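Below is one structure; the comments refer to it alone.
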Amino acid sequence: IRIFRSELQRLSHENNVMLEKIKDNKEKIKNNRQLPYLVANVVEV
Amino acid sequence: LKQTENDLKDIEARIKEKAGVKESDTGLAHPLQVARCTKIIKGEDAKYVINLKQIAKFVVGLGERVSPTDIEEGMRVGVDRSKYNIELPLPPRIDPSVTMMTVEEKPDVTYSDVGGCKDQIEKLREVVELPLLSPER
């Protein structure tokens, strides 16, 4: 019952820690994700 | 010695010609066979980088927006292989590739046989000259 007080504040503070980390690690990835790269072909599953 | 002193103003203007090259200085240094650039550093989707050659064949499904701001890098982007249209940023597209074309100027030929060509030449005039006079008809 009383756990939800500090649990809701902790889970909401992790939005930038978990979800936004996908786009936070893209700082150096997006520059590589930009079209000026070398393409490839997948020859094996 | 005209060419000797012509380069005096040309070499000084070569830097002015290089000023247009100063836009993209990467990759060292309009008819084209196939569209080719170096890495296309300039460039839904924002940037557009496509090249067809023995190395790094590229393809993009989207387009028709301004990434590059007109010419970029190798300056050759546009129609080749068909299938490929970069239009929106002032294209150098649909341009003659390496080929053999015979183009001359003023093929001057006077009248030869008017005997049976009286109304026969008029049929030739109705081909080319006719739409160039009164197209409203």
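Every chain in the structure tokens has a letter given in the order shown (A, B, ...), and although residue numbers restart at 1 in each chain, ligands are simply numbered from 1 in the order shown.
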
### Message
Using only C-alpha atoms, which protein or nucleic acid residues come within 12 Å of range 27-32 of chain B? Drop anything in the same chain fewer than 4 positions from it, and give the result as a PyMOL selection string.
### Response
chain B and resi 18+20-23+36-42+71-81+90-99

Could you give me, as a tab-separated table, every chain B residue with an atom at most 10 Å from chain A, plus its closest atom pair and distance in Å to one decimal, counting only C-alpha atoms, rows ordered by chain then number?
residue	atom	partner	partner_atom	distance
B:38	CA	A:36	CA	9.3
B:39	CA	A:36	CA	5.6
B:40	CA	A:36	CA	6.0
B:41	CA	A:36	CA	5.8
B:42	CA	A:36	CA	8.1
B:43	CA	A:36	CA	7.1
B:45	CA	A:35	CA	9.3
B:46	CA	A:34	CA	8.9
B:47	CA	A:35	CA	6.5
B:48	CA	A:35	CA	6.5
B:49	CA	A:35	CA	5.6
B:50	CA	A:35	CA	8.4
B:55	CA	A:38	CA	8.9
B:56	CA	A:38	CA	5.9
B:57	CA	A:39	CA	7.3
B:58	CA	A:39	CA	7.0
B:59	CA	A:39	CA	9.5
B:60	CA	A:35	CA	9.5

Using N, CA, C and O atoms, can you export the residues from the last selection as a PDB file, in the first residue's frame?
ATOM      1  N   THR B  38      31.341  11.017 -54.118  1.00  0.00           N
ATOM      2  CA  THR B  38      32.186  10.425 -53.086  1.00  0.00           C
ATOM      3  C   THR B  38      31.466  10.542 -51.748  1.00  0.00           C
ATOM      4  O   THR B  38      31.382  11.632 -51.172  1.00  0.00           O
ATOM      5  N   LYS B  39      30.927   9.417 -51.273  1.00  0.00           N
ATOM      6  CA  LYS B  39      30.334   9.270 -49.945  1.00  0.00           C
ATOM      7  C   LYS B  39      29.074  10.117 -49.773  1.00  0.00           C
ATOM      8  O   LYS B  39      28.260   9.846 -48.882  1.00  0.00           O
ATOM      9  N   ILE B  40      28.870  11.088 -50.667  1.00  0.00           N
ATOM     10  CA  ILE B  40      27.808  12.088 -50.571  1.00  0.00           C
ATOM     11  C   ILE B  40      27.711  12.564 -49.125  1.00  0.00           C
ATOM     12  O   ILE B  40      26.743  12.257 -48.419  1.00  0.00           O
ATOM     13  N   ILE B  41      28.731  13.292 -48.665  1.00  0.00           N
ATOM     14  CA  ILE B  41      28.801  13.672 -47.255  1.00  0.00           C
ATOM     15  C   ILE B  41      27.648  14.597 -46.887  1.00  0.00           C
ATOM     16  O   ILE B  41      27.048  14.469 -45.812  1.00  0.00           O
ATOM     17  N   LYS B  42      27.321  15.544 -47.767  1.00  0.00           N
ATOM     18  CA  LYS B  42      26.174  16.419 -47.559  1.00  0.00           C
ATOM     19  C   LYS B  42      24.889  15.612 -47.417  1.00  0.00           C
ATOM     20  O   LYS B  42      24.270  15.599 -46.348  1.00  0.00           O
ATOM     21  N   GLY B  43      24.486  14.939 -48.490  1.00  0.00           N
ATOM     22  CA  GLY B  43      23.254  14.172 -48.488  1.00  0.00           C
ATOM     23  C   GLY B  43      22.070  14.988 -48.964  1.00  0.00           C
ATOM     24  O   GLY B  43      21.126  14.457 -49.548  1.00  0.00           O
ATOM     25  N   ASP B  45      12.573  10.337 -44.299  1.00  0.00           N
ATOM     26  CA  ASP B  45      14.011  10.433 -44.505  1.00  0.00           C
ATOM     27  C   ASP B  45      14.389  11.886 -44.747  1.00  0.00           C
ATOM     28  O   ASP B  45      13.641  12.635 -45.381  1.00  0.00           O
ATOM     29  N   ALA B  46      15.557  12.278 -44.237  1.00  0.00           N
ATOM     30  CA  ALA B  46      16.048  13.639 -44.411  1.00  0.00           C
ATOM     31  C   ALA B  46      17.125  13.690 -45.487  1.00  0.00           C
ATOM     32  O   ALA B  46      16.881  14.180 -46.593  1.00  0.00           O
ATOM     33  N   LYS B  47      18.315  13.183 -45.176  1.00  0.00           N
ATOM     34  CA  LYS B  47      19.405  13.172 -46.139  1.00  0.00           C
ATOM     35  C   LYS B  47      19.213  12.052 -47.154  1.00  0.00           C
ATOM     36  O   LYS B  47      18.624  11.009 -46.857  1.00  0.00           O
ATOM     37  N   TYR B  48      19.714  12.282 -48.367  1.00  0.00           N
ATOM     38  CA  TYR B  48      19.554  11.348 -49.478  1.00  0.00           C
ATOM     39  C   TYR B  48      20.922  11.062 -50.083  1.00  0.00           C
ATOM     40  O   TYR B  48      21.554  11.958 -50.652  1.00  0.00           O
ATOM     41  N   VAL B  49      21.375   9.817 -49.962  1.00  0.00           N
ATOM     42  CA  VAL B  49      22.665   9.380 -50.484  1.00  0.00           C
ATOM     43  C   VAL B  49      22.425   8.125 -51.311  1.00  0.00           C
ATOM     44  O   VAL B  49      22.046   7.083 -50.764  1.00  0.00           O
ATOM     45  N   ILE B  50      22.648   8.216 -52.620  1.00  0.00           N
ATOM     46  CA  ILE B  50      22.507   7.069 -53.510  1.00  0.00           C
ATOM     47  C   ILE B  50      23.646   7.093 -54.520  1.00  0.00           C
ATOM     48  O   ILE B  50      23.945   8.136 -55.110  1.00  0.00           O
ATOM     49  N   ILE B  55      31.122  -0.480 -56.125  1.00  0.00           N
ATOM     50  CA  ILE B  55      31.233  -0.503 -54.672  1.00  0.00           C
ATOM     51  C   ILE B  55      30.111   0.338 -54.082  1.00  0.00           C
ATOM     52  O   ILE B  55      29.874   1.465 -54.531  1.00  0.00           O
ATOM     53  N   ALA B  56      29.424  -0.210 -53.078  1.00  0.00           N
ATOM     54  CA  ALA B  56      28.413   0.505 -52.298  1.00  0.00           C
ATOM     55  C   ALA B  56      27.268   1.001 -53.189  1.00  0.00           C
ATOM     56  O   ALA B  56      27.100   2.195 -53.445  1.00  0.00           O
ATOM     57  N   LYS B  57      26.480   0.035 -53.658  1.00  0.00           N
ATOM     58  CA  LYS B  57      25.265   0.332 -54.407  1.00  0.00           C
ATOM     59  C   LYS B  57      24.159   0.726 -53.433  1.00  0.00           C
ATOM     60  O   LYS B  57      23.843  -0.029 -52.509  1.00  0.00           O
ATOM     61  N   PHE B  58      23.568   1.898 -53.645  1.00  0.00           N
ATOM     62  CA  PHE B  58      22.588   2.458 -52.725  1.00  0.00           C
ATOM     63  C   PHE B  58      21.221   2.553 -53.392  1.00  0.00           C
ATOM     64  O   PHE B  58      21.114   2.654 -54.618  1.00  0.00           O
ATOM     65  N   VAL B  59      20.175   2.506 -52.570  1.00  0.00           N
ATOM     66  CA  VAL B  59      18.805   2.705 -53.036  1.00  0.00           C
ATOM     67  C   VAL B  59      17.994   3.312 -51.898  1.00  0.00           C
ATOM     68  O   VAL B  59      18.193   2.973 -50.727  1.00  0.00           O
ATOM     69  N   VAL B  60      17.089   4.226 -52.245  1.00  0.00           N
ATOM     70  CA  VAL B  60      16.214   4.887 -51.281  1.00  0.00           C
ATOM     71  C   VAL B  60      14.822   4.983 -51.889  1.00  0.00           C
ATOM     72  O   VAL B  60      14.673   5.380 -53.050  1.00  0.00           O
TER      73      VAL B  60
END

Problem set entry | Distance of CA of residue 25 in chain B from CA of residue 6 in chain B, expressed in Å to one decimal place |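 These two atoms are separated by 26.4 Å.
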
- Query: Hey, what does DSSP flag as alpha helix (DSSP H) within range 83-131 of chain B? Can you give it to me as a VMD selection string?
  - Reply: chain B and resid 118 to 125

Store the residues of this selection in a file with N, CA, C and O atoms, as a CSV table (one decimal), in the first residue's frame.
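Result file result38.csv:
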chain,number,residue,atom,x,y,z
B,118,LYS,N,6.8,20.3,-106.8
B,118,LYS,CA,5.9,21.5,-106.6
B,118,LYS,C,5.0,21.3,-105.4
B,118,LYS,O,5.2,22.0,-104.4
B,119,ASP,N,4.0,20.4,-105.5
B,119,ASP,CA,3.2,20.1,-104.4
B,119,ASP,C,3.8,19.0,-103.5
B,119,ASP,O,3.2,18.7,-102.4
B,120,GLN,N,4.9,18.4,-103.9
B,120,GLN,CA,5.5,17.3,-103.1
B,120,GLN,C,6.4,17.9,-102.0
B,120,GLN,O,6.4,17.3,-100.9
B,121,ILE,N,7.0,19.0,-102.2
B,121,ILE,CA,7.7,19.7,-101.1
B,121,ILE,C,6.7,20.3,-100.1
B,121,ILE,O,7.0,20.3,-98.9
B,122,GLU,N,5.6,20.7,-100.6
B,122,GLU,CA,4.5,21.3,-99.7
B,122,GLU,C,4.1,20.2,-98.6
B,122,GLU,O,3.8,20.6,-97.5
B,123,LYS,N,4.1,19.0,-99.0
B,123,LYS,CA,3.9,17.9,-98.0
B,123,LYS,C,5.0,17.9,-97.0
B,123,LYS,O,4.7,17.5,-95.8
B,124,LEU,N,6.2,18.1,-97.4
B,124,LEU,CA,7.3,18.2,-96.4
B,124,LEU,C,7.2,19.4,-95.5
B,124,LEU,O,7.6,19.4,-94.4
B,125,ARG,N,6.7,20.5,-96.1
B,125,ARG,CA,6.5,21.8,-95.3
B,125,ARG,C,5.4,21.6,-94.3
B,125,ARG,O,5.4,22.2,-93.2

- Item | Pairwise distance for CA of residue 61 in chain B and CA of residue 84 in chain B, rounded to one decimal in Å |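 Interatomic distance, CA of residue 61 in chain B to CA of residue 84 in chain B: 10.0 Å.
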
Expressed in Å, the length from CA of residue 7 in chain A to CA of residue 24 in chain A is 24.0 Å
